[PDB]
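Dumped my_file24.txt below, it's compact mmCIF, N, CA and C atoms:
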```txt
# COMPACT_ATOMS: atom_id res chain seq x y z
N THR A 441 64.77 8.33 -38.11
CA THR A 441 63.75 8.06 -39.11
C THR A 441 63.83 9.06 -40.26
N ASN A 442 64.16 10.32 -39.96
CA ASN A 442 64.29 11.31 -41.02
C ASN A 442 65.47 10.98 -41.92
N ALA A 443 66.60 10.59 -41.33
CA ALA A 443 67.75 10.18 -42.14
C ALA A 443 67.41 8.94 -42.97
N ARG A 444 66.66 8.01 -42.38
CA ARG A 444 66.24 6.82 -43.11
C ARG A 444 65.33 7.18 -44.28
N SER A 445 64.51 8.22 -44.12
CA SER A 445 63.68 8.66 -45.23
C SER A 445 64.52 9.27 -46.33
N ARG A 446 65.44 10.18 -45.97
CA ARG A 446 66.30 10.79 -46.99
C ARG A 446 67.19 9.78 -47.70
N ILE A 447 67.53 8.66 -47.06
CA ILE A 447 68.37 7.66 -47.73
C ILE A 447 67.54 6.58 -48.43
N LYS A 448 66.29 6.36 -48.01
CA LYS A 448 65.46 5.27 -48.51
C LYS A 448 64.20 5.74 -49.21
N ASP A 449 63.44 6.65 -48.61
CA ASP A 449 62.17 7.07 -49.18
C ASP A 449 62.42 7.75 -50.52
N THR A 450 61.85 7.18 -51.58
CA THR A 450 62.09 7.68 -52.92
C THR A 450 61.41 9.03 -53.12
N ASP A 451 62.12 9.95 -53.77
CA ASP A 451 61.54 11.22 -54.21
C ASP A 451 60.83 11.03 -55.55
N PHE A 452 59.71 10.30 -55.49
CA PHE A 452 58.98 9.88 -56.69
C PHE A 452 58.48 11.05 -57.53
N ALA A 453 58.57 12.29 -57.04
CA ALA A 453 58.20 13.44 -57.84
C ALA A 453 58.93 13.47 -59.18
N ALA A 454 60.13 12.89 -59.25
CA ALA A 454 60.84 12.70 -60.50
C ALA A 454 60.82 11.26 -60.99
N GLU A 455 60.60 10.29 -60.09
CA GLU A 455 60.58 8.89 -60.51
C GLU A 455 59.34 8.51 -61.30
N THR A 456 58.19 9.14 -61.04
CA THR A 456 57.05 8.92 -61.92
C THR A 456 57.34 9.42 -63.33
N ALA A 457 57.95 10.60 -63.45
CA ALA A 457 58.36 11.09 -64.76
C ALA A 457 59.37 10.15 -65.41
N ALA A 458 60.30 9.61 -64.61
CA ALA A 458 61.31 8.70 -65.14
C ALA A 458 60.67 7.42 -65.67
N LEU A 459 59.72 6.85 -64.92
CA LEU A 459 59.09 5.61 -65.37
C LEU A 459 58.19 5.85 -66.57
N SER A 460 57.54 7.01 -66.64
CA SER A 460 56.75 7.33 -67.82
C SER A 460 57.65 7.49 -69.04
N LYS A 461 58.81 8.14 -68.85
CA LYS A 461 59.80 8.20 -69.92
C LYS A 461 60.23 6.80 -70.35
N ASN A 462 60.47 5.92 -69.38
CA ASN A 462 60.90 4.56 -69.71
C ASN A 462 59.84 3.84 -70.54
N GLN A 463 58.57 3.95 -70.15
CA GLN A 463 57.54 3.23 -70.88
C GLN A 463 57.30 3.83 -72.25
N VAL A 464 57.49 5.15 -72.41
CA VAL A 464 57.29 5.72 -73.74
C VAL A 464 58.45 5.37 -74.66
N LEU A 465 59.67 5.27 -74.11
CA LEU A 465 60.76 4.72 -74.92
C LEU A 465 60.50 3.26 -75.26
N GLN A 466 59.86 2.52 -74.35
CA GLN A 466 59.45 1.15 -74.66
C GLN A 466 58.51 1.11 -75.85
N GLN A 467 57.43 1.90 -75.80
CA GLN A 467 56.48 1.93 -76.90
C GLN A 467 57.15 2.38 -78.19
N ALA A 468 58.05 3.36 -78.11
CA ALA A 468 58.76 3.83 -79.29
C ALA A 468 59.63 2.73 -79.89
N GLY A 469 60.34 1.99 -79.03
CA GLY A 469 61.17 0.91 -79.52
C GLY A 469 60.37 -0.19 -80.18
N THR A 470 59.25 -0.57 -79.57
CA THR A 470 58.38 -1.57 -80.19
C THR A 470 57.81 -1.06 -81.51
N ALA A 471 57.50 0.23 -81.59
CA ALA A 471 56.98 0.79 -82.83
C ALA A 471 58.03 0.74 -83.94
N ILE A 472 59.26 1.16 -83.63
CA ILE A 472 60.32 1.10 -84.63
C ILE A 472 60.61 -0.34 -85.03
N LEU A 473 60.54 -1.27 -84.07
CA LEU A 473 60.72 -2.68 -84.40
C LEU A 473 59.63 -3.16 -85.35
N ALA A 474 58.38 -2.81 -85.08
CA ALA A 474 57.28 -3.24 -85.93
C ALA A 474 57.38 -2.65 -87.33
N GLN A 475 57.82 -1.40 -87.44
CA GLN A 475 57.92 -0.81 -88.77
C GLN A 475 59.17 -1.29 -89.51
N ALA A 476 60.20 -1.71 -88.77
CA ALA A 476 61.42 -2.21 -89.41
C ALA A 476 61.27 -3.66 -89.85
N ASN A 477 60.44 -4.44 -89.14
CA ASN A 477 60.23 -5.84 -89.49
C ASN A 477 59.40 -5.98 -90.76
N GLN A 478 59.12 -4.86 -91.44
CA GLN A 478 58.41 -4.88 -92.71
C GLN A 478 59.32 -4.56 -93.89
N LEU A 479 60.53 -4.06 -93.64
CA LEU A 479 61.43 -3.68 -94.73
C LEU A 479 61.91 -4.86 -95.55
N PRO A 480 62.46 -5.94 -94.97
CA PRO A 480 63.05 -6.99 -95.82
C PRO A 480 62.05 -7.69 -96.72
N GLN A 481 60.87 -8.05 -96.21
CA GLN A 481 59.87 -8.69 -97.06
C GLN A 481 59.47 -7.77 -98.20
N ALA A 482 59.36 -6.47 -97.91
CA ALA A 482 59.00 -5.51 -98.95
C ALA A 482 60.07 -5.42 -100.03
N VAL A 483 61.34 -5.32 -99.64
CA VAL A 483 62.40 -5.17 -100.64
C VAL A 483 62.57 -6.46 -101.43
N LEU A 484 62.33 -7.61 -100.80
CA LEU A 484 62.38 -8.87 -101.53
C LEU A 484 61.21 -9.02 -102.50
N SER A 485 60.01 -8.58 -102.11
CA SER A 485 58.90 -8.60 -103.05
C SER A 485 59.11 -7.61 -104.18
N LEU A 486 59.87 -6.55 -103.92
CA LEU A 486 60.21 -5.58 -104.96
C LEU A 486 61.25 -6.12 -105.94
N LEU A 487 62.28 -6.81 -105.44
CA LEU A 487 63.31 -7.36 -106.31
C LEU A 487 62.92 -8.69 -106.94
N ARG A 488 61.73 -9.20 -106.65
CA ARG A 488 61.27 -10.45 -107.25
C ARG A 488 60.03 -10.22 -108.10
N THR B 441 52.21 26.93 9.16
CA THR B 441 51.15 26.64 8.20
C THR B 441 51.22 27.59 7.01
N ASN B 442 51.49 28.87 7.27
CA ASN B 442 51.67 29.82 6.18
C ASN B 442 52.89 29.47 5.34
N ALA B 443 53.95 28.98 5.99
CA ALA B 443 55.12 28.52 5.25
C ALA B 443 54.77 27.32 4.37
N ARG B 444 54.03 26.36 4.93
CA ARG B 444 53.58 25.21 4.16
C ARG B 444 52.71 25.63 2.99
N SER B 445 51.92 26.69 3.17
CA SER B 445 51.12 27.21 2.06
C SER B 445 52.01 27.81 0.98
N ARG B 446 52.92 28.70 1.38
CA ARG B 446 53.81 29.34 0.41
C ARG B 446 54.69 28.34 -0.32
N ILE B 447 54.95 27.17 0.28
CA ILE B 447 55.80 26.17 -0.35
C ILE B 447 55.00 25.08 -1.07
N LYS B 448 53.73 24.89 -0.74
CA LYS B 448 52.92 23.80 -1.27
C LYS B 448 51.66 24.25 -1.97
N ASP B 449 50.94 25.22 -1.42
CA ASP B 449 49.71 25.70 -2.04
C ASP B 449 50.00 26.24 -3.44
N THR B 450 49.36 25.65 -4.44
CA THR B 450 49.54 26.11 -5.80
C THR B 450 48.94 27.50 -5.98
N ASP B 451 49.75 28.42 -6.49
CA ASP B 451 49.25 29.73 -6.90
C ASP B 451 48.59 29.60 -8.27
N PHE B 452 47.45 28.89 -8.27
CA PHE B 452 46.79 28.46 -9.50
C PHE B 452 46.31 29.61 -10.37
N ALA B 453 46.54 30.86 -9.97
CA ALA B 453 46.38 31.97 -10.90
C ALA B 453 47.29 31.82 -12.11
N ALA B 454 48.37 31.05 -12.00
CA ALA B 454 49.22 30.72 -13.12
C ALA B 454 48.96 29.33 -13.69
N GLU B 455 48.67 28.35 -12.84
CA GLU B 455 48.38 27.00 -13.32
C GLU B 455 47.07 26.92 -14.09
N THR B 456 46.11 27.81 -13.83
CA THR B 456 44.90 27.83 -14.65
C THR B 456 45.21 28.30 -16.07
N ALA B 457 45.99 29.37 -16.19
CA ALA B 457 46.43 29.82 -17.51
C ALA B 457 47.29 28.76 -18.18
N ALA B 458 48.09 28.04 -17.40
CA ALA B 458 48.91 26.97 -17.96
C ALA B 458 48.04 25.83 -18.48
N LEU B 459 46.98 25.49 -17.74
CA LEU B 459 46.03 24.48 -18.20
C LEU B 459 45.36 24.92 -19.49
N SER B 460 44.92 26.18 -19.55
CA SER B 460 44.30 26.69 -20.77
C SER B 460 45.27 26.62 -21.94
N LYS B 461 46.50 27.09 -21.74
CA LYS B 461 47.52 27.05 -22.79
C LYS B 461 47.78 25.62 -23.24
N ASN B 462 47.88 24.68 -22.30
CA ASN B 462 48.16 23.29 -22.66
C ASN B 462 47.00 22.69 -23.45
N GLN B 463 45.77 23.04 -23.09
CA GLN B 463 44.62 22.60 -23.88
C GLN B 463 44.67 23.19 -25.28
N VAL B 464 45.11 24.44 -25.39
CA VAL B 464 45.28 25.07 -26.70
C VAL B 464 46.29 24.28 -27.53
N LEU B 465 47.43 23.94 -26.93
CA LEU B 465 48.45 23.19 -27.66
C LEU B 465 47.96 21.80 -28.03
N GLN B 466 47.16 21.18 -27.17
CA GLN B 466 46.61 19.86 -27.48
C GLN B 466 45.69 19.93 -28.69
N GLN B 467 44.74 20.87 -28.67
CA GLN B 467 43.83 21.02 -29.80
C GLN B 467 44.58 21.39 -31.07
N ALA B 468 45.57 22.28 -30.95
CA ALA B 468 46.36 22.68 -32.11
C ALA B 468 47.12 21.49 -32.68
N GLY B 469 47.68 20.65 -31.82
CA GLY B 469 48.39 19.48 -32.29
C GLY B 469 47.48 18.48 -32.97
N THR B 470 46.28 18.28 -32.42
CA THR B 470 45.31 17.41 -33.08
C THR B 470 44.97 17.94 -34.47
N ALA B 471 44.73 19.25 -34.58
CA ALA B 471 44.41 19.83 -35.88
C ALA B 471 45.60 19.72 -36.83
N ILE B 472 46.82 19.88 -36.32
CA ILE B 472 48.00 19.81 -37.17
C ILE B 472 48.20 18.40 -37.69
N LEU B 473 47.99 17.39 -36.84
CA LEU B 473 48.03 16.01 -37.32
C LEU B 473 46.96 15.77 -38.38
N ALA B 474 45.73 16.23 -38.12
CA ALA B 474 44.66 16.03 -39.09
C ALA B 474 44.96 16.71 -40.42
N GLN B 475 45.70 17.82 -40.39
CA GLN B 475 46.04 18.52 -41.62
C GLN B 475 47.23 17.88 -42.33
N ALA B 476 48.21 17.39 -41.57
CA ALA B 476 49.45 16.90 -42.16
C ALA B 476 49.31 15.48 -42.67
N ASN B 477 48.47 14.66 -42.04
CA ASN B 477 48.32 13.28 -42.48
C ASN B 477 47.67 13.19 -43.85
N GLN B 478 47.11 14.30 -44.33
CA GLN B 478 46.50 14.34 -45.66
C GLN B 478 47.48 14.73 -46.75
N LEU B 479 48.70 15.15 -46.40
CA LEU B 479 49.68 15.53 -47.42
C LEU B 479 50.07 14.36 -48.31
N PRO B 480 50.50 13.21 -47.79
CA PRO B 480 50.85 12.10 -48.69
C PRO B 480 49.68 11.63 -49.54
N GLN B 481 48.47 11.59 -48.97
CA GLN B 481 47.30 11.21 -49.74
C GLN B 481 47.13 12.13 -50.95
N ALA B 482 47.15 13.44 -50.71
CA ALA B 482 46.95 14.39 -51.79
C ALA B 482 48.05 14.27 -52.85
N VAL B 483 49.32 14.22 -52.42
CA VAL B 483 50.41 14.24 -53.39
C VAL B 483 50.42 12.96 -54.22
N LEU B 484 50.15 11.81 -53.59
CA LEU B 484 50.11 10.57 -54.36
C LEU B 484 48.89 10.47 -55.26
N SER B 485 47.72 10.92 -54.78
CA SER B 485 46.52 10.82 -55.60
C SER B 485 46.56 11.78 -56.77
N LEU B 486 47.26 12.91 -56.63
CA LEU B 486 47.32 13.89 -57.70
C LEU B 486 48.48 13.64 -58.66
N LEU B 487 49.61 13.14 -58.16
CA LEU B 487 50.79 12.95 -59.00
C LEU B 487 50.69 11.68 -59.85
N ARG B 488 49.95 10.68 -59.41
CA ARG B 488 49.83 9.43 -60.16
C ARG B 488 48.67 9.50 -61.14
```

What would the structure in this file look like if it were written as structure tokens?
Amino acid sequence: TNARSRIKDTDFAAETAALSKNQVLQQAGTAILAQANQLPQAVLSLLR
Amino acid sequence: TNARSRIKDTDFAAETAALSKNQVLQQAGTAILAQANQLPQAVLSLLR
């Protein structure tokens, strides 16, 4: 059972940090997407 | 009869101390389980 824990039981002490990192990169990516999806309409309204 | 005593009669001057010691180990084990079963609760409730 101890070997099964070391091979299976997750050491979530770092996996919680990893998943929080993943979700903050998610929010960052969505933020950059939202701010980038405003560039073309702006430059077209500027050149027109 | 004295031979039967020396071979069968418990010299409970030692078995009484053994009973006391075993009761000590039983209570200690109960307390150790009560203390250790709270480790996952604490670590998960505090880390999440």

*Mind giving me the straight-line distance from CA of residue 461 (chain B) to CA of residue 478 (chain B) in Å, one decimal?*
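Between CA of residue 461 (chain B) and CA of residue 478 (chain B) the gap is 26.2 Å.
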
_Please identify all residues of chain A having at least one atom at most 10 Å from any atom of chain B, considering only C-alpha atoms, and return them as a ChimeraX atom specification._
/A:452-453,456-457

Post-fit chain A coords, all in-order Cα pairs vs chain B, as an mmCIF file with N, CA and C atoms, in the frame of the given file:
```cif
data_model
loop_
_atom_site.group_PDB
_atom_site.id
_atom_site.type_symbol
_atom_site.label_atom_id
_atom_site.label_comp_id
_atom_site.auth_asym_id
_atom_site.auth_seq_id
_atom_site.Cartn_x
_atom_site.Cartn_y
_atom_site.Cartn_z
ATOM 1 N N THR A 441 52.076 26.562 9.221
ATOM 2 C CA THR A 441 51.062 26.338 8.203
ATOM 3 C C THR A 441 51.187 27.354 7.071
ATOM 4 N N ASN A 442 51.549 28.599 7.397
ATOM 5 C CA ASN A 442 51.722 29.602 6.355
ATOM 6 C C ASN A 442 52.904 29.252 5.465
ATOM 7 N N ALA A 443 54.014 28.820 6.064
ATOM 8 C CA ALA A 443 55.163 28.390 5.263
ATOM 9 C C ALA A 443 54.799 27.174 4.408
ATOM 10 N N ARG A 444 54.014 26.257 4.972
ATOM 11 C CA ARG A 444 53.570 25.092 4.217
ATOM 12 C C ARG A 444 52.687 25.497 3.041
ATOM 13 N N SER A 445 51.896 26.557 3.207
ATOM 14 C CA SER A 445 51.094 27.039 2.094
ATOM 15 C C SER A 445 51.966 27.642 1.015
ATOM 16 N N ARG A 446 52.907 28.519 1.403
ATOM 17 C CA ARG A 446 53.798 29.121 0.404
ATOM 18 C C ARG A 446 54.668 28.097 -0.310
ATOM 19 N N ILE A 447 54.967 26.957 0.315
ATOM 20 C CA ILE A 447 55.787 25.944 -0.360
ATOM 21 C C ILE A 447 54.936 24.900 -1.089
ATOM 22 N N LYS A 448 53.675 24.710 -0.689
ATOM 23 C CA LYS A 448 52.821 23.653 -1.218
ATOM 24 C C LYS A 448 51.584 24.170 -1.927
ATOM 25 N N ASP A 449 50.843 25.092 -1.322
ATOM 26 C CA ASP A 449 49.593 25.558 -1.902
ATOM 27 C C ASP A 449 49.881 26.252 -3.227
ATOM 28 N N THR A 450 49.310 25.716 -4.304
ATOM 29 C CA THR A 450 49.582 26.231 -5.632
ATOM 30 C C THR A 450 48.944 27.603 -5.818
ATOM 31 N N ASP A 451 49.690 28.512 -6.444
ATOM 32 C CA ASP A 451 49.152 29.806 -6.870
ATOM 33 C C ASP A 451 48.456 29.658 -8.222
ATOM 34 N N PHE A 452 47.315 28.960 -8.189
ATOM 35 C CA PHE A 452 46.589 28.581 -9.406
ATOM 36 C C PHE A 452 46.135 29.778 -10.233
ATOM 37 N N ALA A 453 46.254 31.007 -9.721
ATOM 38 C CA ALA A 453 45.928 32.180 -10.507
ATOM 39 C C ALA A 453 46.677 32.211 -11.836
ATOM 40 N N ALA A 454 47.861 31.597 -11.900
ATOM 41 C CA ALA A 454 48.582 31.407 -13.143
ATOM 42 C C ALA A 454 48.527 29.976 -13.657
ATOM 43 N N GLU A 455 48.267 28.999 -12.777
ATOM 44 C CA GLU A 455 48.213 27.607 -13.220
ATOM 45 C C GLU A 455 46.973 27.276 -14.033
ATOM 46 N N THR A 456 45.838 27.935 -13.778
ATOM 47 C CA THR A 456 44.705 27.762 -14.676
ATOM 48 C C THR A 456 45.028 28.276 -16.074
ATOM 49 N N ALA A 457 45.674 29.440 -16.166
ATOM 50 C CA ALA A 457 46.116 29.939 -17.462
ATOM 51 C C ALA A 457 47.107 28.981 -18.114
ATOM 52 N N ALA A 458 48.010 28.401 -17.311
ATOM 53 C CA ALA A 458 49.001 27.471 -17.842
ATOM 54 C C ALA A 458 48.331 26.219 -18.402
ATOM 55 N N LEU A 459 47.355 25.665 -17.674
ATOM 56 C CA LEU A 459 46.696 24.451 -18.153
ATOM 57 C C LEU A 459 45.820 24.736 -19.361
ATOM 58 N N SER A 460 45.204 25.916 -19.420
ATOM 59 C CA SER A 460 44.440 26.277 -20.605
ATOM 60 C C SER A 460 45.361 26.431 -21.810
ATOM 61 N N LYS A 461 46.537 27.044 -21.594
ATOM 62 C CA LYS A 461 47.543 27.093 -22.650
ATOM 63 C C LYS A 461 47.938 25.688 -23.097
ATOM 64 N N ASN A 462 48.139 24.786 -22.139
ATOM 65 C CA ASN A 462 48.534 23.419 -22.486
ATOM 66 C C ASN A 462 47.466 22.744 -23.342
ATOM 67 N N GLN A 463 46.194 22.884 -22.967
ATOM 68 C CA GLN A 463 45.154 22.206 -23.722
ATOM 69 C C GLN A 463 44.950 22.835 -25.085
ATOM 70 N N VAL A 464 45.180 24.152 -25.221
ATOM 71 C CA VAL A 464 45.015 24.749 -26.544
ATOM 72 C C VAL A 464 46.177 24.380 -27.454
ATOM 73 N N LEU A 465 47.386 24.236 -26.889
ATOM 74 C CA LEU A 465 48.471 23.668 -27.694
ATOM 75 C C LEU A 465 48.174 22.222 -28.061
ATOM 76 N N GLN A 466 47.500 21.486 -27.172
ATOM 77 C CA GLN A 466 47.055 20.134 -27.511
ATOM 78 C C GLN A 466 46.131 20.140 -28.713
ATOM 79 N N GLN A 467 45.074 20.960 -28.665
ATOM 80 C CA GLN A 467 44.140 21.036 -29.777
ATOM 81 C C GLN A 467 44.840 21.487 -31.050
ATOM 82 N N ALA A 468 45.767 22.439 -30.942
ATOM 83 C CA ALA A 468 46.506 22.907 -32.104
ATOM 84 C C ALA A 468 47.353 21.792 -32.711
ATOM 85 N N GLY A 469 48.029 21.018 -31.854
ATOM 86 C CA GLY A 469 48.834 19.923 -32.351
ATOM 87 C C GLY A 469 48.012 18.857 -33.039
ATOM 88 N N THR A 470 46.873 18.500 -32.451
ATOM 89 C CA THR A 470 45.984 17.536 -33.099
ATOM 90 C C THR A 470 45.447 18.083 -34.417
ATOM 91 N N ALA A 471 45.175 19.383 -34.480
ATOM 92 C CA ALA A 471 44.689 19.978 -35.717
ATOM 93 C C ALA A 471 45.752 19.915 -36.814
ATOM 94 N N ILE A 472 46.989 20.295 -36.481
ATOM 95 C CA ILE A 472 48.061 20.220 -37.468
ATOM 96 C C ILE A 472 48.315 18.779 -37.887
ATOM 97 N N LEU A 473 48.205 17.836 -36.944
ATOM 98 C CA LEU A 473 48.348 16.427 -37.295
ATOM 99 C C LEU A 473 47.258 15.994 -38.267
ATOM 100 N N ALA A 474 46.015 16.376 -38.008
ATOM 101 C CA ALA A 474 44.915 15.992 -38.880
ATOM 102 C C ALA A 474 45.051 16.601 -40.268
ATOM 103 N N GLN A 475 45.529 17.840 -40.352
ATOM 104 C CA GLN A 475 45.664 18.448 -41.670
ATOM 105 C C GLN A 475 46.910 17.944 -42.401
ATOM 106 N N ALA A 476 47.917 17.482 -41.655
ATOM 107 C CA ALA A 476 49.131 16.957 -42.287
ATOM 108 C C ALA A 476 48.945 15.520 -42.753
ATOM 109 N N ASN A 477 48.083 14.753 -42.067
ATOM 110 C CA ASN A 477 47.838 13.365 -42.443
ATOM 111 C C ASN A 477 47.022 13.270 -43.726
ATOM 112 N N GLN A 478 46.783 14.409 -44.391
ATOM 113 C CA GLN A 478 46.091 14.430 -45.670
ATOM 114 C C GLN A 478 47.026 14.742 -46.833
ATOM 115 N N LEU A 479 48.246 15.203 -46.558
ATOM 116 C CA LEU A 479 49.172 15.574 -47.630
ATOM 117 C C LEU A 479 49.629 14.394 -48.463
ATOM 118 N N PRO A 480 50.139 13.290 -47.894
ATOM 119 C CA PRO A 480 50.710 12.237 -48.753
ATOM 120 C C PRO A 480 49.703 11.581 -49.678
ATOM 121 N N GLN A 481 48.506 11.247 -49.190
ATOM 122 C CA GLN A 481 47.500 10.650 -50.063
ATOM 123 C C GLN A 481 47.143 11.600 -51.193
ATOM 124 N N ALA A 482 47.066 12.897 -50.883
ATOM 125 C CA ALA A 482 46.748 13.884 -51.912
ATOM 126 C C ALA A 482 47.835 13.961 -52.976
ATOM 127 N N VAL A 483 49.102 14.017 -52.567
ATOM 128 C CA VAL A 483 50.180 14.153 -53.550
ATOM 129 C C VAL A 483 50.323 12.871 -54.359
ATOM 130 N N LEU A 484 50.042 11.719 -53.752
ATOM 131 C CA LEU A 484 50.065 10.470 -54.502
ATOM 132 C C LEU A 484 48.905 10.370 -55.490
ATOM 133 N N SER A 485 47.713 10.838 -55.108
ATOM 134 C CA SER A 485 46.616 10.865 -56.063
ATOM 135 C C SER A 485 46.870 11.867 -57.174
ATOM 136 N N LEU A 486 47.656 12.900 -56.886
ATOM 137 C CA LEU A 486 48.038 13.877 -57.905
ATOM 138 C C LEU A 486 49.076 13.323 -58.880
ATOM 139 N N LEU A 487 50.078 12.595 -58.378
ATOM 140 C CA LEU A 487 51.104 12.030 -59.243
ATOM 141 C C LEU A 487 50.685 10.722 -59.901
ATOM 142 N N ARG A 488 49.477 10.242 -59.635
ATOM 143 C CA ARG A 488 48.989 9.016 -60.262
ATOM 144 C C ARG A 488 47.768 9.295 -61.124
#
```
